[PDB]
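Worksheet: the structure to be examined is printed underneath.
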Amino acid sequence: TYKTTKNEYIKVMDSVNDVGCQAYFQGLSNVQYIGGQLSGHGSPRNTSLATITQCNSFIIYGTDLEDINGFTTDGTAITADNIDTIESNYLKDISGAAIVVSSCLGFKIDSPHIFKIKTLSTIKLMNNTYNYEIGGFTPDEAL
Amino acid sequence: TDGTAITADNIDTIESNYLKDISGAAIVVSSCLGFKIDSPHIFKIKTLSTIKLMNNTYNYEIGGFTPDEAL
């Protein structure tokens, strides 16, 4: 609860089920993400590390990706014990991976190093993403 | 290269008479080793093709850009 200089109090949260991500991209074209990092150090509640929706040509060159704490859009924690249930009930949900890609033309990722991914998958593709190309990143890091 | 307009109407004629011309695409590649393009977004291409390759360009590699934008 934030206390102002006029001795007011403001609730930081909007709802008790709040989730976020590191970067959100919607309605863009010809986007290049060269190098850099996207990481969840400190265990925030994330649906993904990067969410990409309704873009033409999003390209990732060697970006460092690590340390996600997985949640669905609702706020449900994605753990090993319920992983199968998630795959049935949240297939159309925009969450569940380190990189979520929805309705994106010309998506491309090369081979960066990825580790400590505590969510269902490393890349999720949905909603008519139809000419993607996936390079060889570190395997077997997700759930 | 002459100065002839490339439209839909005459498109077939062009492909017959200007095969060896260095023109007719968004990107024209001639005698180039090691050419490479990844997948950018391309639109509004009022010419015969998106990429033309010619004159011994022999190890090119084409990623998936936006399909169906040329004539």
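By order in the structure tokens, chains are A, B, ...; within a chain, residues start at 1; ligands start at 1, following the order shown.
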Check: which chain B residues lie within 8 Å of chain A using only C-alpha atoms, as number ranges by chain: B: 39-41, 64-66
Export, as a JSON list (two decimals), in the first residue's frame, the selected residues with N, CA, C and O atoms.
[["chain", "number", "residue", "atom", "x", "y", "z"],
["B", 39, "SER", "N", 13.28, -12.98, -42.77],
["B", 39, "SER", "CA", 11.86, -12.81, -43.10],
["B", 39, "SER", "C", 11.21, -11.46, -42.82],
["B", 39, "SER", "O", 10.29, -11.38, -41.99],
["B", 40, "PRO", "N", 11.56, -10.41, -43.56],
["B", 40, "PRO", "CA", 10.92, -9.11, -43.35],
["B", 40, "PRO", "C", 9.54, -9.06, -43.98],
["B", 40, "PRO", "O", 9.10, -9.97, -44.68],
["B", 41, "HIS", "N", 8.83, -7.99, -43.65],
["B", 41, "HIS", "CA", 7.49, -7.74, -44.15],
["B", 41, "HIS", "C", 7.61, -6.88, -45.40],
["B", 41, "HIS", "O", 8.24, -5.82, -45.38],
["B", 64, "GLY", "N", 11.51, -16.81, -44.93],
["B", 64, "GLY", "CA", 10.15, -16.61, -45.36],
["B", 64, "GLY", "C", 9.56, -15.24, -45.12],
["B", 64, "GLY", "O", 8.86, -15.04, -44.12],
["B", 65, "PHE", "N", 9.70, -14.35, -46.09],
["B", 65, "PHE", "CA", 9.10, -13.02, -46.04],
["B", 65, "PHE", "C", 7.61, -13.14, -46.39],
["B", 65, "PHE", "O", 7.09, -14.23, -46.60],
["B", 66, "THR", "N", 6.92, -12.00, -46.49],
["B", 66, "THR", "CA", 5.48, -12.01, -46.76],
["B", 66, "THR", "C", 5.18, -12.55, -48.17],
["B", 66, "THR", "O", 5.66, -11.96, -49.16]]
Residue 36 of chain A surroundings by only C-alpha atoms, 10 Å radius, close-in-sequence under 3 positions cut, as a ChimeraX atom specification: /A:33,60-65
Interatomic distance, atom CA of residue 81 of chain A to atom CA of residue 117 of chain A (Å, one decimal):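 Computing it gives 15.5 Å between the two atoms.
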Nearest to residue 142 of chain A by atom-to-atom distance, counting only C-alpha atoms, from A:67, A:93, A:8, A:14: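 Residue with the minimum atom-to-atom distance to residue 142 of chain A: A:67.
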Pick from B:43, B:36, B:19, B:5, whichever lies nearest to residue 57 of chain B using only C-alpha atoms: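 Closest to residue 57 of chain B of all the choices is B:36.
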In chain A, DSSP strand (DSSP E) residues written as an NGL selection string: :A and (2-3 or 9-10 or 20-26 or 29-34 or 37-39 or 46-53 or 56-61 or 64-69 or 97-102 or 108-109 or 114-118 or 121-126 or 133-134)
Point-to-point distance in Å for atom CA of residue 135 of chain A and atom CA of residue 96 of chain A: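 Atom-to-atom, atom CA of residue 96 of chain A to atom CA of residue 135 of chain A, that is 19.8 Å.
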I want to know what sits within 9 Å of residue 49 of chain B, based on only C-alpha atoms, with residues of the same chain fewer than 6 positions away left out; could you give that as a compact mmCIF listing (two decimals) with C-alpha atoms, in the first residue's frame?
# COMPACT_ATOMS: atom_id res chain seq x y z
CA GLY B 24 11.95 -6.74 -62.56
CA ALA B 25 11.91 -7.39 -58.82
CA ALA B 26 12.09 -5.71 -55.44
CA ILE B 27 15.60 -7.14 -54.95
CA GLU B 69 2.86 -9.27 -52.81
CA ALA B 70 4.24 -9.05 -56.37
CA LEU B 71 2.47 -9.65 -59.69
Between atom CA of residue 2 of chain B and atom CA of residue 56 of chain B, distance in Å (one decimal):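 Atom CA of residue 56 of chain B lies 23.0 Å from atom CA of residue 2 of chain B.
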Helix (DSSP H, G or I) call set, DSSP backbone run, chain A, as a list in words: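 Matching residues for helix (DSSP H, G or I) in chain A are residues 83, 84, 85, 86, 87, 88 and 89 of chain A.
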Produce a file of the selected residues containing C-alpha atoms, as an mmCIF file, in the first residue's frame.
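Contents of selection26.cif, as written:
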data_model
loop_
_atom_site.group_PDB
_atom_site.id
_atom_site.type_symbol
_atom_site.label_atom_id
_atom_site.label_comp_id
_atom_site.auth_asym_id
_atom_site.auth_seq_id
_atom_site.Cartn_x
_atom_site.Cartn_y
_atom_site.Cartn_z
ATOM 1 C CA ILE A 83 0.793 -29.492 -15.960
ATOM 2 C CA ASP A 84 -1.503 -31.895 -17.857
ATOM 3 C CA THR A 85 -4.626 -30.139 -16.586
ATOM 4 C CA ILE A 86 -3.249 -26.829 -17.889
ATOM 5 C CA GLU A 87 -2.698 -28.298 -21.355
ATOM 6 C CA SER A 88 -6.399 -29.226 -21.517
ATOM 7 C CA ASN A 89 -8.085 -26.139 -20.066
#
Counting only C-alpha atoms, the option among B:68, B:21, B:15, B:38 closest to residue 50 of chain B: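 When distances to residue 50 of chain B are compared using only C-alpha atoms, the smallest one comes from B:68.
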Residue neighbourhood segment 71-77 of chain A, 12 Å, only C-alpha atoms, exclusion window fewer than 4 positions, as a PyMOL selection string: chain A and resi 15-21+43-49+51+81-83+85-87+89-98+100+117-120
Expected file: the selected residues, N, CA, C and O atoms, as a CSV table (one decimal), in the first residue's frame:
chain,number,residue,atom,x,y,z
A,15,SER,N,-6.3,-6.3,-8.7
A,15,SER,CA,-7.0,-7.5,-8.3
A,15,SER,C,-6.0,-8.5,-7.7
A,15,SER,O,-4.8,-8.4,-7.9
A,16,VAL,N,-6.5,-9.4,-6.9
A,16,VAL,CA,-5.6,-10.3,-6.2
A,16,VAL,C,-5.0,-11.4,-7.1
A,16,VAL,O,-4.2,-12.2,-6.7
A,17,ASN,N,-5.4,-11.4,-8.4
A,17,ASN,CA,-5.0,-12.3,-9.4
A,17,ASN,C,-4.1,-11.7,-10.5
A,17,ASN,O,-4.2,-12.1,-11.7
A,18,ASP,N,-3.4,-10.7,-10.2
A,18,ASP,CA,-2.7,-9.9,-11.2
A,18,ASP,C,-1.5,-10.6,-11.7
A,18,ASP,O,-0.8,-11.3,-10.9
A,19,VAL,N,-1.3,-10.6,-13.0
A,19,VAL,CA,-0.1,-11.2,-13.7
A,19,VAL,C,0.4,-10.2,-14.7
A,19,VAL,O,-0.3,-9.3,-15.1
A,20,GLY,N,1.7,-10.4,-15.1
A,20,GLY,CA,2.3,-9.5,-16.1
A,20,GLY,C,3.3,-10.2,-17.0
A,20,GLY,O,3.2,-11.4,-17.0
A,21,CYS,N,4.1,-9.5,-17.7
A,21,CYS,CA,5.2,-10.2,-18.4
A,21,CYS,C,6.3,-9.1,-18.6
A,21,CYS,O,6.3,-8.0,-18.0
A,43,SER,N,11.3,-13.4,-9.1
A,43,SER,CA,10.0,-14.2,-9.0
A,43,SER,C,8.8,-13.4,-9.1
A,43,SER,O,7.9,-13.6,-8.3
A,44,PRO,N,8.6,-12.5,-10.1
A,44,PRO,CA,7.3,-11.9,-10.4
A,44,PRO,C,6.4,-12.9,-11.0
A,44,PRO,O,6.8,-14.0,-11.6
A,45,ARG,N,5.1,-12.6,-11.0
A,45,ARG,CA,4.1,-13.5,-11.6
A,45,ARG,C,3.9,-13.2,-13.1
A,45,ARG,O,3.4,-12.1,-13.4
A,46,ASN,N,4.4,-14.1,-13.9
A,46,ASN,CA,4.4,-13.8,-15.4
A,46,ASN,C,3.6,-14.8,-16.2
A,46,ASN,O,3.7,-16.0,-15.9
A,47,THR,N,2.9,-14.3,-17.1
A,47,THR,CA,2.3,-15.3,-18.1
A,47,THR,C,3.4,-15.7,-19.1
A,47,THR,O,3.4,-16.9,-19.6
A,48,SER,N,4.3,-14.8,-19.5
A,48,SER,CA,5.4,-15.2,-20.4
A,48,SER,C,6.5,-14.2,-20.1
A,48,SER,O,6.4,-13.3,-19.3
A,49,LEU,N,7.7,-14.4,-20.8
A,49,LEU,CA,8.7,-13.4,-20.8
A,49,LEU,C,8.4,-12.4,-21.9
A,49,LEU,O,8.7,-11.2,-21.7
A,51,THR,N,5.3,-11.4,-25.0
A,51,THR,CA,4.1,-11.7,-25.7
A,51,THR,C,4.0,-10.9,-26.9
A,51,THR,O,4.2,-9.7,-26.9
A,81,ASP,N,2.8,-30.5,-11.0
A,81,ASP,CA,1.7,-31.4,-10.5
A,81,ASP,C,0.4,-31.2,-11.3
A,81,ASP,O,-0.4,-32.2,-11.4
A,82,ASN,N,0.2,-30.1,-11.9
A,82,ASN,CA,-1.0,-29.8,-12.6
A,82,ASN,C,-0.8,-29.6,-14.1
A,82,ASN,O,-1.7,-29.2,-14.8
A,83,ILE,N,0.4,-29.9,-14.6
A,83,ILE,CA,0.8,-29.5,-16.0
A,83,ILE,C,-0.2,-30.0,-17.0
A,83,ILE,O,-0.7,-29.3,-17.8
A,85,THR,N,-3.4,-30.9,-16.7
A,85,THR,CA,-4.6,-30.1,-16.6
A,85,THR,C,-4.5,-28.8,-17.3
A,85,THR,O,-5.5,-28.5,-18.1
A,86,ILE,N,-3.4,-28.1,-17.2
A,86,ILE,CA,-3.2,-26.8,-17.9
A,86,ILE,C,-3.4,-27.1,-19.4
A,86,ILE,O,-4.2,-26.4,-20.0
A,87,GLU,N,-2.7,-28.1,-19.9
A,87,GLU,CA,-2.7,-28.3,-21.4
A,87,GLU,C,-4.1,-28.6,-21.9
A,87,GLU,O,-4.3,-28.4,-23.1
A,89,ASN,N,-7.1,-27.2,-20.4
A,89,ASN,CA,-8.1,-26.1,-20.1
A,89,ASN,C,-7.6,-24.8,-20.5
A,89,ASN,O,-8.5,-23.8,-20.5
A,90,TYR,N,-6.4,-24.6,-20.9
A,90,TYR,CA,-5.9,-23.3,-21.2
A,90,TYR,C,-5.1,-23.3,-22.5
A,90,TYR,O,-4.2,-22.6,-22.7
A,91,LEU,N,-5.6,-24.2,-23.5
A,91,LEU,CA,-4.9,-24.2,-24.8
A,91,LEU,C,-5.1,-22.9,-25.5
A,91,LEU,O,-4.1,-22.5,-26.2
A,92,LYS,N,-6.2,-22.3,-25.5
A,92,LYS,CA,-6.4,-21.0,-26.2
A,92,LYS,C,-6.1,-19.8,-25.4
A,92,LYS,O,-6.5,-18.7,-25.8
A,93,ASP,N,-5.4,-20.0,-24.3
A,93,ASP,CA,-5.0,-18.9,-23.4
A,93,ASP,C,-3.7,-18.3,-23.9
A,93,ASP,O,-2.8,-19.1,-24.2
A,94,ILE,N,-3.6,-17.0,-23.8
A,94,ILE,CA,-2.3,-16.3,-24.3
A,94,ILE,C,-1.4,-16.3,-23.1
A,94,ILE,O,-1.1,-15.3,-22.5
A,95,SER,N,-0.7,-17.5,-22.9
A,95,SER,CA,0.2,-17.7,-21.7
A,95,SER,C,0.7,-19.1,-21.9
A,95,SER,O,0.2,-19.9,-22.7
A,96,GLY,N,1.7,-19.5,-21.0
A,96,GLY,CA,2.1,-20.8,-21.0
A,96,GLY,C,3.5,-21.1,-21.6
A,96,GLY,O,3.8,-22.3,-21.9
A,97,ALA,N,4.3,-20.1,-21.8
A,97,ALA,CA,5.6,-20.3,-22.4
A,97,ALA,C,6.5,-19.1,-22.1
A,97,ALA,O,6.0,-18.1,-21.7
A,98,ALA,N,7.7,-19.2,-22.4
A,98,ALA,CA,8.6,-18.1,-22.3
A,98,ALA,C,8.4,-17.1,-23.5
A,98,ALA,O,8.5,-15.9,-23.2
A,100,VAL,N,5.4,-16.2,-26.2
A,100,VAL,CA,4.0,-16.5,-26.7
A,100,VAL,C,3.8,-15.7,-28.0
A,100,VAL,O,3.9,-14.5,-28.0
A,117,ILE,N,13.2,-22.4,-16.9
A,117,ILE,CA,11.9,-22.0,-17.4
A,117,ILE,C,10.9,-22.9,-16.7
A,117,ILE,O,10.7,-24.1,-16.9
A,118,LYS,N,10.2,-22.2,-15.7
A,118,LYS,CA,9.2,-23.0,-14.9
A,118,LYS,C,7.8,-22.7,-15.4
A,118,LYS,O,6.9,-22.2,-14.7
A,119,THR,N,7.6,-23.0,-16.7
A,119,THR,CA,6.3,-23.0,-17.3
A,119,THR,C,6.2,-24.1,-18.3
A,119,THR,O,7.1,-25.0,-18.4
A,120,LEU,N,5.1,-24.2,-19.1
A,120,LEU,CA,4.7,-25.4,-19.8
A,120,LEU,C,5.7,-25.7,-20.9
A,120,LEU,O,6.1,-26.9,-21.2
For residue 35 of chain B, the nearest of the candidates B:6, B:51, B:11, B:1, counting only C-alpha atoms: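 Ranking B:6, B:51, B:11, B:1 by distance to residue 35 of chain B, first place goes to B:51.
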Would you pick out the contacts of residue 32 of chain B at 9 Å or less, using only C-alpha atoms, so that residues sharing its chain but fewer than 2 positions from it are not included, and give the list as a JSON list (two decimals) with N, CA and C atoms, in the first residue's frame?
[["chain", "number", "residue", "atom", "x", "y", "z"],
["B", 29, "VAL", "N", 19.46, -9.77, -57.79],
["B", 29, "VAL", "CA", 20.76, -10.28, -57.38],
["B", 29, "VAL", "C", 21.44, -10.87, -58.60],
["B", 30, "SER", "N", 22.64, -10.41, -58.92],
["B", 30, "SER", "CA", 23.35, -10.89, -60.11],
["B", 30, "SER", "C", 24.82, -11.19, -59.81],
["B", 34, "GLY", "N", 26.90, -16.22, -51.79],
["B", 34, "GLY", "CA", 26.50, -16.08, -50.40],
["B", 34, "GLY", "C", 25.43, -15.05, -50.14],
["B", 35, "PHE", "N", 24.38, -14.99, -50.97],
["B", 35, "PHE", "CA", 23.28, -14.08, -50.69],
["B", 35, "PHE", "C", 22.37, -14.66, -49.62],
["B", 53, "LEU", "N", 16.98, -13.75, -59.16],
["B", 53, "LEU", "CA", 18.35, -14.25, -59.01],
["B", 53, "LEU", "C", 18.89, -14.54, -60.39],
["B", 54, "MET", "N", 20.14, -14.15, -60.68],
["B", 54, "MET", "CA", 20.62, -14.34, -62.05],
["B", 54, "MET", "C", 22.14, -14.32, -62.10],
["B", 55, "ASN", "N", 22.69, -14.83, -63.21],
["B", 55, "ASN", "CA", 24.13, -14.76, -63.55],
["B", 55, "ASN", "C", 25.02, -15.45, -62.52],
["B", 56, "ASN", "N", 24.71, -16.71, -62.23],
["B", 56, "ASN", "CA", 25.55, -17.59, -61.40],
["B", 56, "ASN", "C", 25.54, -17.16, -59.94],
["B", 57, "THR", "N", 24.34, -16.98, -59.40],
["B", 57, "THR", "CA", 24.14, -16.80, -57.96],
["B", 57, "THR", "C", 23.80, -18.17, -57.41],
["B", 58, "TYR", "N", 24.78, -18.89, -56.87],
["B", 58, "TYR", "CA", 24.61, -20.33, -56.78],
["B", 58, "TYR", "C", 24.50, -20.90, -55.38],
["B", 59, "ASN", "N", 24.52, -20.10, -54.34],
["B", 59, "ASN", "CA", 24.28, -20.67, -53.03],
["B", 59, "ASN", "C", 23.39, -19.74, -52.22],
["B", 60, "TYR", "N", 22.30, -19.29, -52.82],
["B", 60, "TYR", "CA", 21.49, -18.33, -52.10],
["B", 60, "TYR", "C", 20.65, -19.04, -51.05]]
